[PDB]
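One structure is given below, encoded as structure tokens.
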2 protein chains.
Amino acid sequence: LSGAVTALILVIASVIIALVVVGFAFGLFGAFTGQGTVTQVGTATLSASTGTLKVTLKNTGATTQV
Amino acid sequence: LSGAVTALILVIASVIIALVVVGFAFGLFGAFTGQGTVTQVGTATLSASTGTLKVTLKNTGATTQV
């Protein structure tokens, strides 16, 4: 009964492996969308006195660092 | 009457052994299906302050441990 049980245990475990792959793919597809994008909308000015940059940055995503 | 009784006791005991094998195989087939599978559906976030992970895990099986 090696073929009666072994291919059965493979076809049970393969459902688990396939669902883990599909869940990881959907989690990655959720992750890279809302990961965070930043662009400029505001036409920044660079002061020559101290280097202070008054920039305007649009961010439709998550919290980032400069 | 060695052949009249001995092959008889073997053919009686072999039914017991075969039924134990078939019952164990069906119990194993019941066991590995509902043993417990866990996947991700929820696109977890990892906070960098304390390492707190807010995950969402789908579990169509039994109680497991991390």
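All Cβ positions, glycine included, derive from the backbone under ideal geometry; neighbour counts span all protein chains shown. Rule-based calculations on the coordinates, nothing more; no lab input.
Are any of the residues in the range B:25-39 under 33 Å from the mean Cα position of the chain (by Cα) and part of a strand (DSSP E or B)? If you could, list the steps in order and put the result at the bottom.
First pass over the range B:25-39, keeping only residues under 33 Å from the mean Cα position of the chain (by Cα): B:25-39.
After this cut, where a residue has to be part of a strand (DSSP E or B) as well, the list is B:38-39.
Yes, some residue in the range B:25-39 is under 33 Å from the mean Cα position of the chain (by Cα) and part of a strand (DSSP E or B).
Any idea how many residues of the range B:41-51 are in a loop (DSSP other than H, G, I, E, B) and surrounded by 10 or more Cβ atoms within 10 Å (Cβ to Cβ)? Total satisfying the criteria: 4.
Determine if the range A:37-50 includes at least one residue that is within 30 Å of residue B:23 (Cβ to Cβ) and either among the charged types (D, E, K, R) or out of contact with any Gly (no Cβ under 8 Å at 6 or more places or on another chain) (or both). Among the residues of the range A:37-50, not one is within 30 Å of residue B:23 (Cβ to Cβ) and either among the charged types (D, E, K, R) or out of contact with any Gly (no Cβ under 8 Å at 6 or more places or on another chain) (or both), which makes the answer no. A search for C-beta distances below 6 Å between a residue of the range B:30-54 that is without any contact (Cβ under 8 Å) to a residue 12 or more places away in the chain and any residue that is part of a helix (DSSP H, G or I) and surrounded by 14 or more Cβ atoms within 10 Å (Cβ to Cβ), counting only pairs 6+ apart in sequence or on different chains, returns B:32/A:12; B:33/A:12.
Out of all the residues in the range B:10-66, which are among the aromatic types (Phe, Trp, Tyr) and farther than 29 Å from residue A:14 by Cα? Answer for the range B:10-66, where residues must be among the aromatic types (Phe, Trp, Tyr) and farther than 29 Å from residue A:14 by Cα: there is none. Looking only at the range B:15-61, residues that are closer than 30 Å to residue A:65 by Cβ, polar (S, T, N, Q) and more than 10 Å from every other protein chain (Cβ to nearest Cβ) come to 4 in all.
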